[PDB]
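Same chain, two forms, each on its own as structure tokens: structure 1, then structure 2.
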Structure 1
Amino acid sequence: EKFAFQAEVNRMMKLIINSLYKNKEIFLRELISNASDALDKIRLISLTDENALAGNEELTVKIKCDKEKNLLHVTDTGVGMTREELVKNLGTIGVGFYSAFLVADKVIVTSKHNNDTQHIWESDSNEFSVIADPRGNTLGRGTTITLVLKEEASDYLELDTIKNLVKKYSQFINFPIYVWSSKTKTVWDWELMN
């Protein structure tokens, strides 16, 4: 259940944290980029596999802010990852996934792939672990990237910073990207960004 990062991964992380201190908001582009890629794979999978889109019927990317908990979630209904995939793809080696540590003290990755049960991968960057999601299969199919934001990144909880950023990066993504926001006597609901 517990693992150490490959030596190259530790170097990547430090290198990222050091050569990108200026453009931290880049993390959201990378994550939105990975969602889009996971959505292409299931889509390609659904060409020769009529069952492939069973666990979930939609192909989207939904982002929600949670202040009280200090969290930021990025969920896609792409191919998702198996337990073995979470361990190889996120523990061994275009900034990438680890750009998530530019704004987070902790990174959690919940993922459900058609060929396995929903798991959770977690890391504070000094090590990581994969466990079976005791909450069962709640995603259907896909991945949720949850970031435990650092103190200085708290401005990424404000729905306006997220929206401005999401629109820029949701420009070339051929999939609907929503942001759970509010309206005015104030109800919360998804808001398409692209």
Structure 2
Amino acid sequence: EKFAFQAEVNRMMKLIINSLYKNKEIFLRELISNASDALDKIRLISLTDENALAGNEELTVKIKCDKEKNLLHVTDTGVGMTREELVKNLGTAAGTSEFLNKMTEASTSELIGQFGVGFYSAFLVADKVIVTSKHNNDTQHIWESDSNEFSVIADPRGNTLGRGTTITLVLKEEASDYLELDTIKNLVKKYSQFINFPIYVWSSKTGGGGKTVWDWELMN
């Protein structure tokens, strides 16, 4: 059922990702960029095929800090991924050479994005990463990994996303700060530069008369 990452690829990625230890907050920049790409794709598709947005009529990025469960969620209503794409694109050449040539013969913070491995920076702050996704052409599925092995299963909750993807991070004890609204809001704003889609953070808001209310708060 489960899978294991390629021995050499894993080892090399461990070193690549670890080199970003002085600026771990970049994982959020990468997840936001990924969401932006998924949203650009569904937006382009919707220009000629309006029914493409039927499963969820909105184009947004919504972030939720679940202090109660020690989880950080980054959800987009982009194009989503099929079960095969989760297994194939989050599980697997001599292209590694091209990556270390860029490493040694040449910055890591700007190379991961270009090499298409920025997603893995999530492991800088998380012991486990879960990817829940729903694409128009398939049912909702869940990918899970501890950075060494991974598995994919049909989501028993059914199609709850409508369309899109949720990146769920099980935060390391030393990354509890990322559950704080102020910290998350600050980072989102710092990394919501060229994203042409609204990004929200589920937050507490002043409700008046001493009342506290919760709602999505626009960051860009």
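Residue 1 is the first residue of structure 1, and the numbers go on in sequence order from there. For clarity, a rigid core is taken as the largest C-alpha set superposing within 1.5 Å between two forms.
- If you fit the rigid core between the two structures, you'll see the Cα of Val9 move by 2 angstroms or more.
- Taking the core as the reference frame, the CA atom of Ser123 shifts 0.3 angstrom between the two structures.
- The two forms line up on their rigid core, and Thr48 then has its Cα shifted by 2.5 Å between the two structures.
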